[PDB]
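Close look at the chain arrangement
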Amino acid sequence: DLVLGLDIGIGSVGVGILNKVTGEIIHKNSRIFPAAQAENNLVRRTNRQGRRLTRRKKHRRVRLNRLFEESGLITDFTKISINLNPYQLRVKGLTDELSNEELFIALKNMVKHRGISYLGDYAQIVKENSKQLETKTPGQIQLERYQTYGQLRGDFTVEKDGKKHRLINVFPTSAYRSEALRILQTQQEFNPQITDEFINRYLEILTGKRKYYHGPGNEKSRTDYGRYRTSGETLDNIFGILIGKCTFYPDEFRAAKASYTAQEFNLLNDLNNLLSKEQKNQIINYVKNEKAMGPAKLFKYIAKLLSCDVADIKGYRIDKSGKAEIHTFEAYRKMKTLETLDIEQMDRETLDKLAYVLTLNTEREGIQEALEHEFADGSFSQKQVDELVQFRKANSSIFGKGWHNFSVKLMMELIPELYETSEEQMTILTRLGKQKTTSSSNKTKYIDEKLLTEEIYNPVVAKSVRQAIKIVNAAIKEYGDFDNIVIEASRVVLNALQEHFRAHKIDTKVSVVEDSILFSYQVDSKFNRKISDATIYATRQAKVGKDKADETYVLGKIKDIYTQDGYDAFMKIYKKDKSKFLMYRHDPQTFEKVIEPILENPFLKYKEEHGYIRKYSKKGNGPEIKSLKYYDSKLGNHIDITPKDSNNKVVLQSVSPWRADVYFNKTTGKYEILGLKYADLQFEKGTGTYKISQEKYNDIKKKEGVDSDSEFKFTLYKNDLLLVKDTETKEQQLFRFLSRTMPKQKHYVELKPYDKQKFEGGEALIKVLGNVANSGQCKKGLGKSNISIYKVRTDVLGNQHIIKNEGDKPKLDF
Amino acid sequence: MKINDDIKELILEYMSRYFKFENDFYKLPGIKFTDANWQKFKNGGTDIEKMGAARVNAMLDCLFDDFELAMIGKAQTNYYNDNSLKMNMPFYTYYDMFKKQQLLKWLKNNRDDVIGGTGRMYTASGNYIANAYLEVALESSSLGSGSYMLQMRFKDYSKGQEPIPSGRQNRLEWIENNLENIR
Amino acid sequence: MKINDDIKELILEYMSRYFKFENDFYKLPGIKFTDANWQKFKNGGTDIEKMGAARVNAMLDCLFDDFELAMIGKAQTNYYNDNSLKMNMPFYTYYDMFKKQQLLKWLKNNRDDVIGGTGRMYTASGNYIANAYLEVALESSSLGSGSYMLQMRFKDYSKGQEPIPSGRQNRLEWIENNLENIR
RNA sequence: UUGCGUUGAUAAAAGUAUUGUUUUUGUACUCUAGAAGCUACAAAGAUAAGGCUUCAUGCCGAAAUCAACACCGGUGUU
DNA sequence: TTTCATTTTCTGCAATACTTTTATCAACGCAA
DNA sequence: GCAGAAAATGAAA
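Residues numbered from 1 in each chain as written, not as in the entry; some residues may be left out. Chains lettered and ligands numbered in written order. Heavy atoms only, no water.

Looking at the method and resolution fields of the entry, one finds cryo-EM and 3.2 Å.

In structure tokens, the structure reads:
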């Protein structure tokens, strides 16, 4: 007989057991984990969906190259010049003849920039862009902007004298379709090699987008994110699988609200809320055969058939403070007005399938394919399909409603029972024994976590509850069975724990209301996280400051000088060193032009007084200034992605670490430390496995200062506990690993405390190790002499297990 | 293999081939030159016959693959005989001709096993160079952990701005077209 | 491959394996020891890391084929990890296991091209040693009018007095019988 | 606890558009047809390092899962 | 007294405009 | 929050 007190928090749990007889504190700890939140999954999904757009643009130009080769227009895609004007060529091909190469250039430029296709201030500017499109093409608009304002792409605010109006470069894609059709038609009048199948294939490359319910994939690709599946099944609409299940039969699909059976069930469940069998049949036939009614005519008809005034009518639904409401059919009557197909006599189940097909799909192609693939031996007519898609597009506030929580099986079991008995659906369900609503999974001793995590409120509460469930499982493993469990959505885990202890016949009362404080953390060992930052930098070779030879510096750039932040950046670089600008070393005349409004007056005031700051020339015709480059710092740790025909190194910076491998050698008696990063692993070249090869690992072992006669001690991940001990004074302290910092300095390690999340700076570690830095980060050198290092594995309850050698070779294959 | 001035010319040629700047190759952990001694080594001052065995072997091991070291040995054996080749061209051009015709024999006999990949090379600053060379290997001679027993490296010198495609079919299609562009 | 004390142990073991008397080995044209310096070398006085490159490479080139030098490099890569191996066994035994399992893969995968022959080794007096080793090679990977690229040597430790038979069927049967006799 | 109506908050997944950063090339601006590669504009290439087979409305790569080791859903150890 | 070798510190990091589906919680009413 | 050179500090040569 003990008692388990368990505190559930946002990013931690904390437990303690008490004896209930004497009253001593037997065991206490806290488990710390990151609070599970979905700003990481948003970033993952955003990047997954943007990579597909870059993929599909590249595949559009690949398909255009295959089209121009497969029709015999040009042969080698090496001699094509990249310095012709595409907009002038689009207008010239709109009226005169082009050869093959200029045609390829213009059509390639159009395929690279097609338009939007869904049709506040943005909608106004897009409507203004469409306003000039009834007699002009996009080519003429963009060429007029190019010849007049000297600037085409982006979005910019050229100043007209009357007013300042902002232009933009988005057009509807039907304009691109008309422009390409006219160009290809005049070229078809001149060139005989352009056939009409070529025209239609180009227009399908140009304006061809997948539907939003089709997803990625192909017939032979078999992804698991769209229609074609890895189980060999092709799904007509991807969202169909996503429909929930019935509330009493967990293997049947939920029923559509616009069916016949659901509307019958709803009208009959509202009528029995207020009658004989014949009166109910008469009311159903009346609302089924007459047109243009609401609640008022129906309540007058119930008053007329029962020979009673409309008062003392017991229960009906009401929307707000005003009028009442009741279920009419309202979709059967609006389906009755369809002229091409007859609906009075079809079936019961065809009405259900027709309501399913109209509820799921909104586009005409999905409705057409579902009618062809769900009504086998139905043999519909083409005009019926056109009237059906017109009817679906007509009143979509009625068909786009949702799915009624029952299924057609249960509503066929329940509909002939509430004709005779005057009772409701719940009492018939309790009478019939249809009370099976379980999610059962059987163990024999412990608690299941996938059972308890069946209801999704937030990811954070699910994370905390399953951490607490692992705590409880290991705690009742270690200290036998318990008697009382006091924990801190709440009624959900309460009901689940009561059901678990009542099913296994264990009488236990669960309720929802120092130096030896152990801790245990969650070790982080996933191996494909974000490898670096996402800005691509450019490097130059220079001599800045106290420097004697040419060295590689990383460039930085001030994007807009006029803005306040540009002035702060320019002022800091100006007061530190003036020669750090590239314009100060290639053009000093423009730089004294820059010193003049600094000395007289800041750049915003000059822009209001005279416009943009121009580059100095002998006349007033030079270009203007909006941005400036400078030499930021030297080049350190990077990933070199320099292109093939470049001449300066182009890099990615700030690359993130993954794990460390601790070695020891019996020649000098000191410990040595590897550092692996996320960018050190690789999809291997034959099969595609994600691992680190062995020759590359020996290169990192050479580089990080580890001799080859050293035994391998253990491996360390993030939040993995670590024991550092002195060997002459025998004082010890245990830490949390974080990373291997500063790759220039050998055997430097950043450590985090064992008792809190942050050091906050200043306190005293072991005498050999030193004092924590004044700013807050502890990064110390563990590759010293006279020291010893052990690994600490702690179980979920927090009992230490100190290890010295944990294997024979590092684990590189997963 | 035996060591003379031709090995110095071959080392300098492949060092200029794989590395953008010179300082990377001569500060690696195992070579470890200084600046004055590197200027003496490049100008023919120091003779590569009486240097340290470990330093010369580390310079040879960083630049070449191990099957390529076996091909250095066989090349030297075939080249110091038959002195029209010793009259005509220098040793690195003959080494390139030897390994290129070995690749042609690989592509002729067994075209189902030739796989390829991108090759990342570590410099002396701690960093690596993504896409430093193009590596080619035989799948059937595959030791465990991803090492391969038969393997060669090449450096493509094509002029167009389009990279080498991934996939087995596409990469092996690319190698057969641009044979005289890879060096 | 890289050069350390294990290469000294490997050189001394294979020199004791192939030559009847020691004096023949060092006096070869390219190694060229004296007696006192050889006695200094055998006792570990001089370290083979800062000796001449030509002398160390000639010592390694006389004993091994070039494919065997590539196998030394690959075995070193597999051997300096997995610290049971480093402590438990000296290098040359693991190298022998490496070349034997390479021979087993050669006999299993492609059994149609493995040919063999006897191997004669030259001493320092002008004479050679007839039937010094058994060399095995792959027929398909032989340079035209040149020695086989893929090639290994073995020394049989059988106790009977009967040499290796001629013919191509019988020798390849013989290798499969006396697998645990060749070292 | 079950069903039906309104309206808020949230989560998972799908289809697109225009930029941004950087490399090469061209025109302008500068210095003597050359050079320098600053400052603008326009094409073409790349856009987490990479990898696959089916040859295309082609596909995958930034989330979660967690103390290890030994013996028939349980049991044993440093 | 120049110079190499270890310990602190302090600066900087990718965005925006549309379209659509499914599910789960709440709270506000009619019923058992 | 954290990667990591820059600026500051310390122990030879």
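Brief notes about the overall build of chain A
Just so we agree on the cut-off: Helix and strand assignments follow DSSP, with helices taken as H or I runs no shorter than four residues and strands as E runs no shorter than two, numbered in order from the N terminus. Taken over C-alpha atoms, the radius of gyration is set against a globule rule of 2.2 Å times the number of residues to the power 0.38. Think of it in three bands: with a 1.4 Å probe and only protein chains considered, a residue is buried below 20% of the maximum accessible area for its type, exposed above 50%, and partly exposed in between. Computed by Shrake-Rupley with a 1.4 Å probe, the accessible areas treat only the displayed protein chains as cover when residues are assessed. The positive count covers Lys and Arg only, the negative count covers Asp and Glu only, and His and the chain ends enter neither. All charge positions are set by atom: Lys at NZ, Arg at CZ, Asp at CG, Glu at CD.
A tally of regular secondary structure across chain A gives 26 helices and 25 strands. By the compact-globule yardstick of 28 Å for 814 residues, chain A is too spread out, its C-alpha radius of gyration being 37 Å. Among the 814 residues that make up chain A, the fraction classed as buried is 39%. For chain A, the exposed area adds up to about 48400 Å²; of that, 48% sits on carbon and sulfur atoms. Mean positive and mean negative side-chain charge positions of chain A (137 and 110 charges, respectively) differ by 4 Å.

What about the packing of helix α1 (residues 5-18) of chain B against helix α3 (residues 35-42) of chain B?
If you want to describe how two helices pack, look at the angle between their axes and the distance between the axes. Residues and elements named next belong to chain B. Formally: Here an axis means a line fitted to C-alpha atoms, over the contact stretch when the element is a helix, while the angle between two N-to-C directions is reported on a 0 to 180 degree scale. By the definition adopted for this analysis, an angle is roughly parallel if under 35 degrees, roughly antiparallel if over 145, roughly perpendicular if from 65 to 115, and oblique otherwise. Contacts are residue-level and defined by heavy atoms, with any inter-residue pair within 4.5 Å sufficient. When residues are sorted by character, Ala, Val, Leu, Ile, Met, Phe, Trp, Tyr, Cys and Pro go into the nonpolar class, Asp, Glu, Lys and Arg into the charged class, and all the rest, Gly among them, into the polar class.
Contact geometry of α1 with α3 gives a least axis separation of 11 Å together with a crossing angle of 120 degrees. Regarding the angle of α1 to α3, the classification is oblique. Residues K8, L12 and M15 of α1 lie in contact with α3, whose contacting residues are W38, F41 and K42. Looking at the contact of α1 with α3 residue by residue, the classes come out as 4 nonpolar, no polar and 2 charged.

Points about the protein's contact with DNA strand E
Residue and element names in this part refer to chain A. Quick reminder of the rule: Proximity is defined per residue: any heavy atom of the residue falling within 4 Å of a molecule or strand makes that residue near it. Distance and chemistry together define a polar contact, namely a pair of N or O atoms within 3.5 Å, with one atom able to donate a hydrogen and the other to accept it when in protein, and with adjacent residues in sequence counting only for side-chain atoms on both sides.
In the region of DNA strand E, 26 residues are neighbours, and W403, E424, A534, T535 and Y748 sit closest. For DNA strand E, the backbone makes up 81% of the atoms found within 4 Å of the protein, where backbone means sugar plus phosphate. Between a phosphate oxygen of DNA strand E and a side-chain N or O atom of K780, the distance comes to 3.3 Å. The residue makeup of the surface near DNA strand E, split by class, is 13 nonpolar, 7 polar and 6 charged.

Re the sheet that holds strand β2 (residues 128-138) of chain C
Note: strands within a sheet are paired through backbone hydrogen bonds, in either parallel or antiparallel orientation. Residue and element names in this part refer to chain C. Keep this limit in mind: Any two strands with at least two DSSP bridges between them are considered paired.
Read from one edge to the other, the open sheet built from 3 strands follows the order β1-β2-β3, with strand pairing classed as antiparallel. At either margin of the open sheet sits one strand with a lone partner, and together these are β1 (114-122) and β3 (151-154). With strand direction ignored, the average angle separating the axes of adjacent strands in the sheet is 35 degrees. Both β2 and β3 contribute to a ladder of 4 bridges, which runs antiparallel. By the bridge assignment, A137 is partnered in β3 with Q151.

As for helix α26 (residues 694-703) of chain A
When α26(A) is considered as a whole, its buried residues turn out to be A:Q694, A:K696, A:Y697, A:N698, A:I700 and A:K701. Summarising the contacts, the buried residues of α26(A) are in contact with β14 (657-664) and β16 (676-677) of chain A, β1 (114-122) and β2 (128-138) of chain B together with α5 (66-79) of chain C. Looking at the residues trailing α26(A), positive phi occurs at A:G705, about 75 degrees.

Digging into the nonpolar core
Using the following cut-off: Buried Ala, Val, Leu, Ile, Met, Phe, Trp, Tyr and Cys residues form a nonpolar core when they are joined through side-chain atoms within 4.5 Å.
Among the nonpolar cores identified, the biggest contains 118 residues, and B:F25, B:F64, C:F25, C:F64, C:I72 and C:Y95 are the most heavily contacted of them. If we ignore the near neighbours within four places in the chain, the residues touching C:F25 are C:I11, C:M15, C:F19, C:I31, C:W38, C:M59 and C:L63. Counting 51 residues, the second largest nonpolar core, distinct from the first, contains A:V385, A:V389, A:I415 and A:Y419.

Considerations on the domain arrangement of chain B
Reports often express the size of an interface as the amount of accessible area lost when the parts come together. All names here are of chain B. Selection rule: Note that domain bounds follow an automatic or database assignment of domains. Once two parts are joined, some of their accessible surface, as seen by a 1.4 Å probe, is lost; buried area is that loss totalled over both. Note on definitions: salt bridges are taken to be side-chain nitrogens of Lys or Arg within 4 Å of carboxyl oxygens of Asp or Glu.
For chain B, the assigned domains are domain 1 (5-95) and domain 2 (107-177). Centre-to-centre, using C-alpha coordinates, domain 1 lies 22 Å away from domain 2. Taken together, the contact pairs 13 residues of domain 1 with 14 residues of domain 2. Counting each side, the surface lost to burial between domain 1 and domain 2 is near 1200 Å², with a carbon and sulfur contribution of 62%. For domain 1, the biggest contributors to the area lost against domain 2 are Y18, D65 and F67; these three give 44% of the whole. Linking domain 1 with domain 2 are 0 salt bridges, by the criterion used here. Summed over the shared surface of domain 1 and domain 2, the result is 1 residue pair in polar contact. Of all the secondary structure elements, the ones that give two or more residues to the side of domain 1 that touches domain 2 are α1, α4 (53-63) and α5 (66-80).

Let's talk about the pairing of strand β1 (residues 3-8) of chain A
Of the strand pairs in this sheet, β1(A) and strand β6 (residues 484-487) of chain A are connected by 3 bridges, and their pairing is parallel. Its bridge partner lying in β6(A), A:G5 is registered against A:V486.

Describing the protein's contact with DNA strand F
Residues and elements named next belong to chain A. Within the structure, DNA strand F sits among 15 residues, and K576, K634, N637, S739 and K779 are positioned closest to it. Backbone atoms, meaning sugar plus phosphate, form 68% of the atoms of DNA strand F positioned within 4 Å of the protein. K752 is positioned with one of its side-chain polar atoms (N or O) 3.4 Å from a phosphate oxygen of DNA strand F. Considered class by class, the residues forming the surface near DNA strand F number 3 nonpolar, 6 polar and 6 charged.

Thoughts on unusual backbone geometry
All names here are of chain A. In the Ramachandran plot, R222 falls in the positive-phi region, its phi being about 60 degrees despite a non-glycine side chain. Mapped onto the elements, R222 comes out in the loop between α7 (196-206) and α8 (238-241). The exposure class assigned to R222 is partly exposed, which follows from its relative accessible area of 25%. One non-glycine residue, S654, lies in the positive phi region at around 60 degrees. Secondary-structure assignment places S654 in the loop between β13 (650-653) and β14.

Some words on the interface of chain A and chain B
Across the contact, 27 residues belong to chain A and 26 residues belong to chain B. Roughly 2400 Å² of surface becomes buried between chain A and chain B when both sides are summed, with 43% attributable to carbon and sulfur atoms. Three residues, A:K644, A:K685 and A:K703, lead the burial of chain A against chain B; their summed loss comes to 28% of the area buried on that side. At the boundary of chain A with chain B, the tally comes to 1 salt bridge. Salt-bridge contacts for A:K685 lead to B:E135; the nearest nitrogen and oxygen are separated by 2.4 Å. At the boundary of chain A with chain B, the tally comes to 14 residue pairs in polar contact. Contributions of two or more residues to the side of chain A that touches chain B are made by β12 (638-640) and α26 of chain A.

Some points on the packing of aromatic side chains
The condition is simple: Geometry of aromatic contacts follows a simple scheme: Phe, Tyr and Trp rings, the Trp one being its six-membered ring, pair when their centres are within 6.5 Å, and the pair is stacked under 30 degrees between planes, edge-to-face over 60, tilted otherwise. Two conditions define a charge sitting above a ring: the NZ of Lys or the CZ of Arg must be within 6 Å of the ring centre, and it must be within 35 degrees of the ring normal.
Scanning the entire structure with this criterion turns up 67 aromatic pairs over all chains. Taken together through their ring pairs, the aromatic side chains of A:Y567, A:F570, A:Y574, A:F581, A:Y584, A:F591 and A:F603 make up a single cluster. We note B:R17 situated over the ring of B:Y14; from NZ or CZ to the ring centre the distance is 4.4 Å.

Thoughts on the interface of chain B and chain C
Taken together, the contact between chain B and chain C spans 29 residues of the former and 27 residues of the latter. Both sides together, the interface formed by chain B and chain C hides about 2400 Å², and carbon and sulfur atoms give 59% of it. One can count 0 salt bridges joining chain B with chain C. Taken together, the links from chain B to chain C amount to 10 residue pairs in polar contact. Listing elements by their share of the side of chain B that touches chain C, those giving two or more residues are α4, α5 and α7 (91-109) of chain B. Ranked by residue count, the leading element in the side of chain B that touches chain C is α5(B), at 7 residues.

What to know about the side chain of A:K649
For A:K649, the location among the structural elements is in the loop between β12 and β13. Look at A:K649: it is buried, it has no salt bridge, and the nearest opposite charge is B:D24 at 4.7 Å. Every residue in contact with A:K649, bar those within four places of it in the chain, is listed here: A:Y537, A:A538, A:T539, A:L635, A:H638, A:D640, A:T642 and B:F21.

Section: the environment of B:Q151
Looking at the secondary structure, you find B:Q151 in strand β3 (residues 151-154). The buried category is assigned to B:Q151, whose relative accessible area is 11%. Expressed as a C-alpha distance, the spacing of B:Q151 and B:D66, which sit 85 residues apart in the sequence, is 7.8 Å. Ignoring anything within four residues of it in the chain, the contact list for B:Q151 reads A:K685, B:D65, B:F67, B:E68, B:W106, B:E135, B:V136, B:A137 and C:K74.

Focus: the domain arrangement of chain A
Partitioning chain A into structural domains gives domain 1 (3-38 + 453-521), domain 2 (72-194), domain 3 (248-431), domain 4 (537-651) and domain 5 (656-803). Just the C-alpha atoms count here: the centres of domain 2 of chain A and domain 3 of chain A sit 52 Å apart.

Focus on the side chain of A:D680
Its place among the elements puts A:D680 in the loop between β16 and β17 (682-683). Although buried, A:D680 forms no salt bridge, and the nearest oppositely charged side chain, B:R120, lies 5.1 Å from it. Engagement of the side chain of A:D680 in a polar contact is seen with the backbone nitrogen of A:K677, the distance being 3.3 Å. A polar side-chain atom of A:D680 sits 3.4 Å from a polar atom in the side chain of B:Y122. Not counting residues up to four positions away in its chain, the partners in contact with A:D680 are A:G675, A:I692, A:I700, B:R120, B:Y122 and B:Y128.

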